>>> print(open('run_34.cif').read())   # mmCIF, C-alpha atoms
data_query
#
loop_
_atom_site.label_atom_id
_atom_site.label_comp_id
_atom_site.auth_asym_id
_atom_site.auth_seq_id
_atom_site.Cartn_x
_atom_site.Cartn_y
_atom_site.Cartn_z
CA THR A 1 24.67 15.69 -5.32
CA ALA A 2 23.60 12.35 -3.87
CA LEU A 3 22.03 11.42 -7.22
CA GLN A 4 25.32 12.11 -9.02
CA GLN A 5 27.35 9.92 -6.65
CA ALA A 6 24.74 7.17 -6.89
CA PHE A 7 24.94 7.42 -10.69
CA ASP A 8 28.71 7.23 -10.99
CA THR A 9 28.97 4.44 -8.40
CA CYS A 10 26.42 2.55 -10.52
CA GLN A 11 28.56 3.22 -13.59
CA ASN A 12 31.65 1.94 -11.76
CA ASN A 13 29.75 -1.19 -10.73
CA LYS A 14 28.69 -1.73 -14.35
CA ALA A 15 32.29 -1.36 -15.53
CA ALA A 16 33.51 -3.79 -12.86
CA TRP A 17 30.86 -6.35 -13.80
CA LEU A 18 31.79 -6.07 -17.49
CA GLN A 19 35.46 -6.58 -16.59
CA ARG A 20 34.59 -9.63 -14.49
CA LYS A 21 32.55 -11.11 -17.34
CA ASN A 22 35.34 -10.42 -19.85
CA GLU A 23 38.03 -12.10 -17.75
CA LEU A 24 35.74 -15.05 -16.97
CA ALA A 25 35.09 -15.53 -20.69
CA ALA A 26 38.81 -15.32 -21.43
CA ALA A 27 39.58 -17.94 -18.79
CA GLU A 28 36.79 -20.18 -20.09
CA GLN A 29 38.00 -20.02 -23.69
CA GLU A 30 41.59 -20.67 -22.57
CA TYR A 31 40.43 -23.72 -20.60
CA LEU A 32 38.44 -25.00 -23.59
CA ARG A 33 41.47 -24.48 -25.84
CA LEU A 34 43.66 -26.49 -23.46
CA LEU A 35 40.97 -29.18 -23.44
CA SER A 36 41.21 -29.30 -27.23
CA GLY A 37 45.00 -29.53 -26.97
CA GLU A 38 46.78 -32.87 -27.06
CA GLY A 39 48.72 -32.18 -23.85
CA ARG A 40 47.18 -33.74 -20.75
CA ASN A 41 48.12 -31.07 -18.17
CA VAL A 42 45.89 -32.51 -15.46
CA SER A 43 47.04 -30.03 -12.80
CA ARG A 44 46.60 -27.15 -15.24
CA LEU A 45 43.07 -28.33 -16.05
CA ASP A 46 42.17 -28.61 -12.36
CA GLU A 47 43.50 -25.14 -11.56
CA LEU A 48 41.67 -23.75 -14.60
CA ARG A 49 38.44 -25.31 -13.34
CA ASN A 50 39.06 -23.67 -9.97
CA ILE A 51 39.66 -20.33 -11.69
CA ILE A 52 36.45 -20.73 -13.70
CA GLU A 53 34.43 -21.47 -10.57
CA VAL A 54 35.86 -18.58 -8.55
CA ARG A 55 35.48 -16.11 -11.42
CA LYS A 56 31.89 -17.23 -12.00
CA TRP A 57 31.28 -16.48 -8.32
CA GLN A 58 32.96 -13.09 -8.76
CA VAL A 59 30.76 -12.33 -11.79
CA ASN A 60 27.65 -13.28 -9.82
CA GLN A 61 28.67 -11.03 -6.92
CA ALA A 62 29.45 -8.12 -9.25
CA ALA A 63 26.11 -8.51 -11.05
CA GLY A 64 24.25 -8.55 -7.75
CA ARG A 65 26.08 -5.46 -6.53
CA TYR A 66 25.39 -3.60 -9.78
CA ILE A 67 21.71 -4.56 -9.67
CA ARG A 68 21.42 -3.34 -6.08
CA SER A 69 23.16 -0.06 -6.95
CA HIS A 70 20.86 0.47 -9.94
CA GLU A 71 17.81 -0.17 -7.75
CA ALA A 72 19.16 2.30 -5.19
CA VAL A 73 19.64 4.96 -7.88
CA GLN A 74 16.09 4.43 -9.14
CA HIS A 75 14.71 4.55 -5.59
CA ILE A 76 16.49 7.79 -4.70
CA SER A 77 15.36 9.37 -7.98
CA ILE A 78 11.78 8.34 -7.18
CA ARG A 79 12.13 9.76 -3.67
CA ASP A 80 13.34 13.13 -4.95
CA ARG A 81 10.70 13.30 -7.70
CA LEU A 82 7.91 12.60 -5.22
CA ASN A 83 9.49 15.19 -2.94
CA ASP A 84 9.51 18.07 -5.42
CA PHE A 85 6.24 17.04 -7.09
CA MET A 86 4.38 17.05 -3.82
CA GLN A 87 6.03 20.20 -2.55
CA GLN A 88 4.34 21.47 -5.72
CA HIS A 89 0.88 19.88 -5.28
CA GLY A 90 0.56 18.97 -1.59
CA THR A 91 -2.34 21.28 -0.82
CA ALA A 92 -4.42 19.89 -3.68
CA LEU A 93 -3.46 16.29 -2.89
CA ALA A 94 -4.43 16.71 0.77
CA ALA A 95 -7.68 18.45 -0.19
CA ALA A 96 -8.52 15.44 -2.35
CA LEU A 97 -7.75 13.26 0.70
CA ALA A 98 -9.02 15.43 3.58
CA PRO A 99 -11.55 13.01 5.20
CA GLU A 100 -8.80 10.46 5.90
CA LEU A 101 -5.93 12.94 6.35
CA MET A 102 -7.45 15.70 8.50
CA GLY A 103 -6.57 15.35 12.17
CA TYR A 104 -3.46 13.27 11.47
CA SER A 105 -1.40 15.40 13.87
CA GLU A 106 -3.40 14.18 16.89
CA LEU A 107 -4.82 10.78 15.88
CA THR A 108 -3.65 7.68 17.72
CA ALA A 109 -1.30 5.09 16.25
CA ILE A 110 -3.95 2.63 15.03
CA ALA A 111 -6.17 5.38 13.63
CA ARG A 112 -3.17 6.99 11.91
CA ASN A 113 -2.17 3.66 10.37
CA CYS A 114 -5.68 2.85 9.15
CA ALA A 115 -6.10 6.34 7.69
CA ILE A 116 -2.77 6.24 5.87
CA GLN A 117 -3.53 2.76 4.51
CA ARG A 118 -6.92 3.97 3.24
CA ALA A 119 -5.27 6.95 1.54
CA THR A 120 -2.66 4.51 0.25
CA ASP A 121 -5.01 2.12 -1.52
CA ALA A 122 -7.11 5.06 -2.74
CA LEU A 123 -3.95 6.39 -4.40
CA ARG A 124 -3.27 2.90 -5.75
CA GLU A 125 -6.75 2.78 -7.28
CA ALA A 126 -6.20 6.21 -8.85
CA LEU A 127 -2.88 5.05 -10.33
CA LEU A 128 -4.60 1.95 -11.71
CA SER A 129 -7.34 4.10 -13.26
CA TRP A 130 -4.78 6.38 -14.92
CA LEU A 131 -2.66 3.47 -16.17
CA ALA A 132 -5.81 1.97 -17.68
CA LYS A 133 -5.82 4.77 -20.28
CA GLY A 134 -2.31 3.93 -21.47
CA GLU A 135 -0.73 7.37 -21.81
CA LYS A 136 2.97 7.36 -22.67
CA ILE A 137 5.10 8.31 -19.66
CA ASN A 138 8.24 10.39 -20.19
CA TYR A 139 11.04 11.03 -17.73
CA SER A 140 11.34 14.00 -15.42
CA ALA A 141 13.10 16.82 -17.25
CA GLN A 142 15.46 17.61 -14.37
CA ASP A 143 16.88 14.09 -14.05
CA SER A 144 16.18 12.53 -17.45
CA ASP A 145 19.75 12.02 -18.68
CA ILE A 146 21.08 10.04 -15.70
CA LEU A 147 18.12 7.65 -15.63
CA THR A 148 18.24 7.17 -19.40
CA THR A 149 21.95 6.35 -19.16
CA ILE A 150 21.40 3.80 -16.39
CA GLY A 151 18.45 2.35 -18.32
CA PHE A 152 14.93 1.47 -17.25
CA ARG A 153 15.92 -2.04 -16.13
CA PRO A 154 19.21 -3.92 -15.74
CA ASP A 155 20.36 -6.10 -18.61
CA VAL A 156 19.27 -9.73 -18.87
CA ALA A 157 22.91 -10.70 -18.35
CA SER A 158 22.84 -8.90 -14.99
CA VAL A 159 19.75 -10.75 -13.75
CA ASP A 160 20.82 -14.15 -15.09
CA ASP A 161 24.37 -13.89 -13.70
CA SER A 162 22.81 -12.98 -10.34
CA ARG A 163 20.26 -15.82 -10.58
CA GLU A 164 22.54 -18.26 -8.76
CA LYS A 165 22.27 -18.18 -4.97
CA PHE A 166 25.09 -19.08 -2.58
CA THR A 167 25.02 -20.17 1.05
CA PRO A 168 27.04 -18.14 3.58
CA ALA A 169 29.61 -20.94 3.84
CA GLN A 170 29.94 -20.91 0.06
CA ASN A 171 30.28 -17.12 0.20
CA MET A 172 33.16 -17.20 2.69
CA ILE A 173 34.97 -20.08 0.97
CA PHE A 174 34.71 -18.36 -2.42
CA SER A 175 35.92 -15.08 -0.91
CA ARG A 176 38.93 -16.85 0.61
CA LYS A 177 39.72 -18.65 -2.66
CA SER A 178 39.39 -15.41 -4.64
CA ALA A 179 41.73 -13.61 -2.23
CA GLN A 180 44.26 -16.44 -2.50
CA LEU A 181 44.02 -16.41 -6.30
CA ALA A 182 44.49 -12.64 -6.44
CA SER A 183 47.51 -12.84 -4.14
CA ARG A 184 49.04 -15.65 -6.21
CA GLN A 185 48.45 -13.84 -9.51
CA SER A 186 49.90 -10.60 -8.12
CA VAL A 187 53.12 -12.39 -7.14
CA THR B 1 -25.17 12.70 -8.64
CA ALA B 2 -23.99 9.58 -6.82
CA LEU B 3 -22.42 11.71 -4.09
CA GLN B 4 -25.75 13.41 -3.36
CA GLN B 5 -27.50 10.03 -3.24
CA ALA B 6 -24.93 8.69 -0.78
CA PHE B 7 -25.23 11.86 1.31
CA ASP B 8 -29.01 11.73 1.58
CA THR B 9 -28.90 7.98 2.27
CA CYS B 10 -26.48 8.71 5.12
CA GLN B 11 -28.79 11.44 6.42
CA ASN B 12 -31.77 9.07 6.35
CA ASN B 13 -29.74 6.39 8.13
CA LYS B 14 -28.74 8.89 10.82
CA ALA B 15 -32.37 9.93 11.26
CA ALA B 16 -33.48 6.30 11.56
CA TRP B 17 -30.72 5.60 14.10
CA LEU B 18 -31.80 8.61 16.17
CA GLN B 19 -35.43 7.45 16.02
CA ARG B 20 -34.43 3.97 17.21
CA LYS B 21 -32.37 5.51 20.02
CA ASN B 22 -35.25 7.66 21.26
CA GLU B 23 -37.65 4.71 21.07
CA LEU B 24 -35.24 2.60 23.13
CA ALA B 25 -34.82 5.42 25.65
CA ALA B 26 -38.60 5.79 26.00
CA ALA B 27 -39.00 2.03 26.48
CA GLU B 28 -36.26 1.98 29.13
CA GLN B 29 -37.79 4.95 30.96
CA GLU B 30 -41.25 3.38 30.96
CA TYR B 31 -39.83 0.05 32.17
CA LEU B 32 -38.02 1.81 35.02
CA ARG B 33 -41.20 3.71 35.91
CA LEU B 34 -43.18 0.46 36.13
CA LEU B 35 -40.40 -1.29 38.06
CA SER B 36 -40.28 1.51 40.64
CA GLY B 37 -44.02 1.10 41.18
CA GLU B 38 -45.54 -1.14 43.83
CA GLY B 39 -47.49 -3.22 41.31
CA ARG B 40 -46.10 -6.61 40.34
CA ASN B 41 -47.01 -6.79 36.63
CA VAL B 42 -44.67 -9.74 36.10
CA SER B 43 -45.90 -10.43 32.56
CA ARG B 44 -45.73 -6.71 31.80
CA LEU B 45 -42.15 -6.57 33.08
CA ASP B 46 -41.13 -9.60 31.01
CA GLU B 47 -42.68 -8.24 27.82
CA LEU B 48 -41.07 -4.85 28.52
CA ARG B 49 -37.69 -6.58 28.84
CA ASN B 50 -38.34 -8.30 25.50
CA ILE B 51 -39.20 -4.94 23.91
CA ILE B 52 -36.04 -3.44 25.42
CA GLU B 53 -33.88 -6.18 23.90
CA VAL B 54 -35.59 -5.79 20.51
CA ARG B 55 -35.08 -2.02 20.58
CA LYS B 56 -31.42 -2.46 21.54
CA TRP B 57 -30.89 -4.82 18.60
CA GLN B 58 -32.66 -2.37 16.27
CA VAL B 59 -30.46 0.46 17.56
CA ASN B 60 -27.34 -1.63 16.93
CA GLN B 61 -28.47 -2.45 13.39
CA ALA B 62 -29.33 1.18 12.60
CA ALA B 63 -26.01 2.43 13.98
CA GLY B 64 -24.08 -0.13 11.95
CA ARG B 65 -25.95 0.75 8.77
CA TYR B 66 -25.41 4.47 9.37
CA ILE B 67 -21.68 3.96 9.95
CA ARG B 68 -21.41 1.86 6.79
CA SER B 69 -23.23 4.49 4.73
CA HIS B 70 -21.04 7.27 6.14
CA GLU B 71 -17.92 5.30 5.24
CA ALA B 72 -19.34 4.66 1.76
CA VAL B 73 -20.08 8.34 1.08
CA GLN B 74 -16.63 9.32 2.36
CA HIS B 75 -15.05 6.72 0.07
CA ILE B 76 -17.03 7.93 -2.95
CA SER B 77 -16.04 11.53 -2.24
CA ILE B 78 -12.39 10.48 -1.97
CA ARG B 79 -12.57 8.50 -5.20
CA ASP B 80 -14.07 11.42 -7.13
CA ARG B 81 -11.74 14.07 -5.67
CA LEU B 82 -8.61 11.99 -6.21
CA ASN B 83 -9.86 11.07 -9.69
CA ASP B 84 -10.24 14.63 -10.93
CA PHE B 85 -7.12 15.86 -9.09
CA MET B 86 -5.04 13.16 -10.75
CA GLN B 87 -6.74 13.86 -14.08
CA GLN B 88 -5.42 17.40 -13.58
CA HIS B 89 -1.88 16.45 -12.53
CA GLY B 90 -1.37 13.07 -14.21
CA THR B 91 1.48 14.17 -16.46
CA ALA B 92 3.48 15.52 -13.52
CA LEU B 93 2.64 12.54 -11.29
CA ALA B 94 3.71 10.05 -13.97
CA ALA B 95 6.88 12.07 -14.62
CA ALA B 96 7.68 11.81 -10.91
CA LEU B 97 7.04 8.04 -11.06
CA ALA B 98 8.39 7.53 -14.60
CA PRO B 99 11.50 5.41 -13.75
CA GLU B 100 9.26 2.67 -12.31
CA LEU B 101 5.81 2.58 -13.99
CA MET B 102 6.66 2.41 -17.70
CA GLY B 103 5.67 -0.61 -19.74
CA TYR B 104 2.58 -1.28 -17.63
CA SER B 105 0.49 -1.72 -20.78
CA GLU B 106 2.29 -4.96 -21.68
CA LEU B 107 4.21 -6.16 -18.60
CA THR B 108 3.38 -9.49 -16.98
CA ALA B 109 1.13 -9.84 -13.95
CA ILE B 110 3.87 -10.29 -11.34
CA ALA B 111 5.99 -7.43 -12.69
CA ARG B 112 2.94 -5.16 -12.90
CA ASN B 113 1.92 -5.98 -9.32
CA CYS B 114 5.45 -5.42 -7.99
CA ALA B 115 5.74 -2.10 -9.83
CA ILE B 116 2.38 -1.00 -8.44
CA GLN B 117 3.50 -1.98 -4.93
CA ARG B 118 6.78 -0.05 -5.21
CA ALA B 119 5.03 3.06 -6.53
CA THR B 120 2.52 2.57 -3.72
CA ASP B 121 4.96 2.67 -0.82
CA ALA B 122 6.90 5.49 -2.50
CA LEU B 123 3.65 7.48 -2.44
CA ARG B 124 3.20 6.36 1.17
CA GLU B 125 6.59 7.83 2.08
CA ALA B 126 5.82 11.11 0.29
CA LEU B 127 2.47 11.48 2.05
CA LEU B 128 4.12 10.63 5.38
CA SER B 129 6.69 13.38 4.82
CA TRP B 130 3.91 15.86 4.04
CA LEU B 131 2.12 14.85 7.24
CA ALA B 132 5.47 15.35 8.96
CA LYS B 133 5.68 19.02 7.95
CA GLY B 134 2.26 19.42 9.55
CA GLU B 135 0.37 21.81 7.27
CA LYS B 136 -3.34 21.89 8.09
CA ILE B 137 -5.56 20.00 5.64
CA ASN B 138 -8.85 21.44 4.38
CA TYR B 139 -11.79 19.80 2.61
CA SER B 140 -12.13 20.06 -1.15
CA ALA B 141 -14.04 23.19 -2.12
CA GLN B 142 -16.32 21.41 -4.60
CA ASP B 143 -17.93 19.14 -1.98
CA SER B 144 -16.90 20.77 1.30
CA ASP B 145 -20.46 21.27 2.55
CA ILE B 146 -21.47 17.59 2.40
CA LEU B 147 -18.22 16.47 4.03
CA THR B 148 -18.72 19.00 6.84
CA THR B 149 -22.34 17.97 7.45
CA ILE B 150 -21.50 14.26 7.57
CA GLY B 151 -18.54 15.04 9.83
CA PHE B 152 -14.92 13.92 9.92
CA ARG B 153 -15.92 10.74 11.79
CA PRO B 154 -19.25 9.13 12.69
CA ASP B 155 -20.71 10.11 16.04
CA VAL B 156 -19.18 8.32 19.03
CA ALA B 157 -22.67 7.18 20.03
CA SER B 158 -22.89 5.24 16.77
CA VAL B 159 -19.34 4.00 17.42
CA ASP B 160 -20.06 2.49 20.84
CA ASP B 161 -23.59 1.35 19.95
CA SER B 162 -22.16 -0.98 17.27
CA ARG B 163 -19.78 -3.03 19.45
CA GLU B 164 -22.28 -5.71 20.50
CA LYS B 165 -21.23 -8.08 17.68
CA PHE B 166 -24.38 -10.18 17.51
CA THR B 167 -24.03 -13.70 16.13
CA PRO B 168 -26.03 -14.71 13.03
CA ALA B 169 -28.23 -17.00 15.12
CA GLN B 170 -29.07 -14.08 17.39
CA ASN B 171 -29.44 -12.00 14.22
CA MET B 172 -32.37 -13.88 12.75
CA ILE B 173 -33.84 -14.60 16.20
CA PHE B 174 -33.95 -10.85 16.84
CA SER B 175 -35.29 -10.24 13.33
CA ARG B 176 -38.21 -12.59 14.00
CA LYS B 177 -38.78 -11.04 17.43
CA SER B 178 -38.77 -7.54 15.92
CA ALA B 179 -41.28 -8.57 13.24
CA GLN B 180 -43.52 -10.11 15.90
CA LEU B 181 -43.19 -6.98 18.04
CA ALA B 182 -44.19 -4.79 15.09
CA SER B 183 -47.19 -7.05 14.44
CA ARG B 184 -48.22 -6.83 18.11
CA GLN B 185 -47.82 -3.05 18.06
CA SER B 186 -50.10 -2.98 15.02
CA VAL B 187 -52.63 -4.99 17.03
#
>>> encode(input="run_34.cif", output="C-alpha cells")
Amino acid sequence: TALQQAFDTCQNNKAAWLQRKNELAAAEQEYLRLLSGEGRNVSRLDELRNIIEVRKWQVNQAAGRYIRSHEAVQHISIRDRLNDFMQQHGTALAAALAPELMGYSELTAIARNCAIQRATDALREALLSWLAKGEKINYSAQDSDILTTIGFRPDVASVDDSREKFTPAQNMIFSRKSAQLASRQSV
Amino acid sequence: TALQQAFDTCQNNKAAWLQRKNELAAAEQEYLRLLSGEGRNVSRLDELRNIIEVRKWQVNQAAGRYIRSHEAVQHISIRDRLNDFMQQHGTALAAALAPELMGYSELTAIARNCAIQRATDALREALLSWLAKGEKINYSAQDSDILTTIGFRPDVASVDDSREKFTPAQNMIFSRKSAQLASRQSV
C-alpha cells in the first residue's frame, strides 16, 4: 500500500502546486490592473510586490516538493518492479553472471565491490545493446494506471518554476514572510 | 566460436606460464647446487644470476598474460550469457524498468546518460538484495565446462607472480636480455 500512499501524496502535491500557481497569477494580474489604474496607491503597490515575491517563492517550493514526490513514486515503483521481476528470474540472471557472482557470500569487501561493479557495467552494456534495437516499452501491467496518471515526467511548468535556487537565509526569510502574510490574511 | 578461441588461448597461456615457472625453478636449483659447491665459478655464478633474473621476468610476463586472457574469456562468457538471457527476458525487464527508460531513442545525451545511470543503480540494488537472500549461484549450463576448467579465479601463483610491477625501462631492458639469452642458448 506504500505505492498508493506515494501516489495520492503526489496528487495532493500537484493540486497544491496548481493552487499556488493560480493564486500567484491572480495576484499578478491584480497588481498589473492596479498599475494600469490612475490611482497611485504606493503602499498598495509595494505590498502587492511583496505578495508577488512571496507567492513566487511558495510556487517554487511547491513545484520542488511535487517534483521530489513524483521522483520518489517512480523510484519506489522501479524498486518493486525489480523486486518481483527478479524474484521471477533470479536463478537465470545469476547463472548468466556466475563467474563474478559465485562466492559472494564469503568474498572480502574489495573483491565483493569489484565483482558487483563488473556485474553492474555488464548489465549496463546489456541494457545499451537492447535499447539499440529500439523496441517500444510498455508499462508493467500491475502498476500501469498509477504511473500513467502521474505521467512519465513532470510538466515543464514544474521544472521551470523549480529552476530558481534560494540560499538558506532567503529560505528562512521567505518562510517568515509567508507565515506573517498568512496570519494577516486570516485575520 | 569466439568463446572456444578465448578458452584455448587461456589454456595455452597457462601452459606457457607453467613452462616458464619450471624453467625458473630448474635454474634456481642449479644455481643453488653450484653455490653450495666448493668451486668459485664467479663468472658462472654471475651469468646464472642473470639467467635467474631473465626467467623471473619471463614468468611475470607469462603470468600477467595468462591472467589477462582468463579475465577476457570470463568477460566474453558473461557478455554472451547476459546477451541471450536478456534477449529471452527483455520484455519483462523493460516492463520492470519502463517508468524510467522510455524515449531513449530520441532523448538528449545528458538525459540518456542519467536515465542509464538510474536504471544501473536500481539494478545494482536488486542484485544486492538477491545476494542478500543468499541462494547459491551455479554456472550457465551451455558453457559450464569451460568456466569450470578455467576456474572461478586465476591461480594464486599467477596472482602473486604478477605483483612485481616492472617499469617500462626495465621492460625493454629485460626483453633485450631475454633475446640475448635465447641467442646464447641457441649457441
>>> atom_distance(input="run_34.cif", atom1="CA of residue 59 (chain A)", atom2="CA of residue 26 (chain A)")
12.9 Å
>>> atom_distance(input="run_34.cif", atom1="CA of residue 122 (chain A)", atom2="CA of residue 94 (chain A)")
12.5 Å
>>> resolve_selection(input="run_34.cif", expression="the PyMOL selection byres ((chain B and resi 86) around 12)", output="number ranges by chain")
A: 89, 92-93, 96-97, 122-131; B: 78-85, 87-94
>>> resolve_selection(input="run_34.cif", expression="the PyMOL selection byres ((chain B) within 6 of (chain A))", output="list in words")
residues 81, 82, 95, 96, 98, 137, 138, 139, 140 and 152 of chain B
>>> residues_around(input="run_34.cif", residues="residue 18 (chain B)", least_positions_apart="4", cutoff="9 Å", atoms="all atoms listed in the file", output="JSON list (two decimals) with C-alpha atoms, in the coordinates of the input")
[["chain", "number", "residue", "atom", "x", "y", "z"],
["B", 13, "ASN", "CA", -29.74, 6.39, 8.13],
["B", 14, "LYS", "CA", -28.74, 8.89, 10.82],
["B", 22, "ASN", "CA", -35.25, 7.66, 21.26],
["B", 23, "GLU", "CA", -37.65, 4.71, 21.07],
["B", 59, "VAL", "CA", -30.46, 0.46, 17.56],
["B", 62, "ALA", "CA", -29.33, 1.18, 12.60],
["B", 63, "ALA", "CA", -26.01, 2.43, 13.98]]
>>> residues_around(input="run_34.cif", residues="residue 31 (chain A)", least_positions_apart="4", cutoff="9 Å", atoms="all atoms listed in the file", output="VMD selection string")
chain A and resid 26 to 27 35 to 36 44 to 45 48 to 49 52
>>> atom_distance(input="run_34.cif", atom1="CA of residue 161 (chain A)", atom2="CA of residue 60 (chain A)")
5.1 Å
>>> closest_residue(input="run_34.cif", among="B:65, B:185, B:111, B:180", to="residue 159 (chain B)", atoms="only C-alpha atoms")
B:65
>>> resolve_selection(input="run_34.cif", expression="the PyMOL selection byres ((chain A and resi 181) around 12)", output="PDB file with C-alpha atoms, keeping the file's coordinate frame")
ATOM      1  CA  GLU A  47      43.500 -25.140 -11.560  1.00  0.00           C
ATOM      2  CA  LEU A  48      41.670 -23.750 -14.600  1.00  0.00           C
ATOM      3  CA  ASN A  50      39.060 -23.670  -9.970  1.00  0.00           C
ATOM      4  CA  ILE A  51      39.660 -20.330 -11.690  1.00  0.00           C
ATOM      5  CA  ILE A  52      36.450 -20.730 -13.700  1.00  0.00           C
ATOM      6  CA  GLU A  53      34.430 -21.470 -10.570  1.00  0.00           C
ATOM      7  CA  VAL A  54      35.860 -18.580  -8.550  1.00  0.00           C
ATOM      8  CA  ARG A  55      35.480 -16.110 -11.420  1.00  0.00           C
ATOM      9  CA  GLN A  58      32.960 -13.090  -8.760  1.00  0.00           C
ATOM     10  CA  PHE A 174      34.710 -18.360  -2.420  1.00  0.00           C
ATOM     11  CA  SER A 175      35.920 -15.080  -0.910  1.00  0.00           C
ATOM     12  CA  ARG A 176      38.930 -16.850   0.610  1.00  0.00           C
ATOM     13  CA  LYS A 177      39.720 -18.650  -2.660  1.00  0.00           C
ATOM     14  CA  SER A 178      39.390 -15.410  -4.640  1.00  0.00           C
ATOM     15  CA  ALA A 179      41.730 -13.610  -2.230  1.00  0.00           C
ATOM     16  CA  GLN A 180      44.260 -16.440  -2.500  1.00  0.00           C
ATOM     17  CA  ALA A 182      44.490 -12.640  -6.440  1.00  0.00           C
ATOM     18  CA  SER A 183      47.510 -12.840  -4.140  1.00  0.00           C
ATOM     19  CA  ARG A 184      49.040 -15.650  -6.210  1.00  0.00           C
ATOM     20  CA  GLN A 185      48.450 -13.840  -9.510  1.00  0.00           C
ATOM     21  CA  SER A 186      49.900 -10.600  -8.120  1.00  0.00           C
ATOM     22  CA  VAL A 187      53.120 -12.390  -7.140  1.00  0.00           C
TER      23      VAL A 187
END
>>> residues_around(input="run_34.cif", residues="residue 72 (chain B)", least_positions_apart="5", cutoff="10 Å", atoms="all atoms listed in the file", output="PyMOL selection string")
chain B and resi 3+6-7+10+66-67+77-78
>>> build_atoms(input="run_34.cif", residues="region 8-23 of chain A", atoms="N, CA, C and O atoms", output="short mmCIF file (atom, residue, chain, number, x, y, z; two decimals), in the frame of the given file")
data_model
loop_
_atom_site.label_atom_id
_atom_site.label_comp_id
_atom_site.auth_asym_id
_atom_site.auth_seq_id
_atom_site.Cartn_x
_atom_site.Cartn_y
_atom_site.Cartn_z
N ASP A 8 27.38 7.64 -10.56
CA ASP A 8 28.71 7.23 -10.99
C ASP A 8 29.19 5.99 -10.24
O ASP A 8 29.97 5.22 -10.80
N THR A 9 28.70 5.74 -9.02
CA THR A 9 28.97 4.44 -8.40
C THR A 9 28.28 3.31 -9.17
O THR A 9 28.85 2.23 -9.32
N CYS A 10 27.07 3.55 -9.68
CA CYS A 10 26.42 2.55 -10.52
C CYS A 10 27.21 2.31 -11.79
O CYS A 10 27.34 1.16 -12.24
N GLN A 11 27.74 3.38 -12.40
CA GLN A 11 28.56 3.22 -13.59
C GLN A 11 29.83 2.43 -13.29
O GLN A 11 30.25 1.58 -14.09
N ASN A 12 30.46 2.70 -12.15
CA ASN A 12 31.65 1.94 -11.76
C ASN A 12 31.31 0.47 -11.54
O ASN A 12 32.09 -0.41 -11.93
N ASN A 13 30.17 0.19 -10.92
CA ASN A 13 29.75 -1.19 -10.73
C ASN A 13 29.51 -1.88 -12.07
O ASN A 13 29.87 -3.05 -12.25
N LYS A 14 28.89 -1.17 -13.02
CA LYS A 14 28.69 -1.73 -14.35
C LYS A 14 30.02 -2.05 -15.02
O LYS A 14 30.19 -3.12 -15.61
N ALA A 15 30.98 -1.12 -14.93
CA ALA A 15 32.29 -1.36 -15.53
C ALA A 15 32.98 -2.56 -14.89
O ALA A 15 33.58 -3.39 -15.58
N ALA A 16 32.90 -2.66 -13.56
CA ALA A 16 33.51 -3.79 -12.86
C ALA A 16 32.87 -5.10 -13.28
O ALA A 16 33.56 -6.11 -13.48
N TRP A 17 31.54 -5.12 -13.40
CA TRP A 17 30.86 -6.35 -13.80
C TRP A 17 31.23 -6.75 -15.23
O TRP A 17 31.43 -7.93 -15.51
N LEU A 18 31.33 -5.77 -16.13
CA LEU A 18 31.79 -6.07 -17.49
C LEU A 18 33.20 -6.64 -17.48
O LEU A 18 33.50 -7.58 -18.22
N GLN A 19 34.09 -6.06 -16.67
CA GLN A 19 35.46 -6.58 -16.59
C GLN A 19 35.48 -8.00 -16.06
O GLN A 19 36.23 -8.86 -16.56
N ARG A 20 34.67 -8.28 -15.03
CA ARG A 20 34.59 -9.63 -14.49
C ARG A 20 34.11 -10.62 -15.55
O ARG A 20 34.67 -11.71 -15.70
N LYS A 21 33.07 -10.24 -16.29
CA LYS A 21 32.55 -11.11 -17.34
C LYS A 21 33.60 -11.35 -18.42
O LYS A 21 33.76 -12.47 -18.91
N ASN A 22 34.33 -10.29 -18.80
CA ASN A 22 35.34 -10.42 -19.85
C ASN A 22 36.45 -11.38 -19.42
O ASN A 22 36.85 -12.27 -20.18
N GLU A 23 36.95 -11.22 -18.19
CA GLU A 23 38.03 -12.10 -17.75
C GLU A 23 37.54 -13.53 -17.54
O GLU A 23 38.28 -14.48 -17.82
#
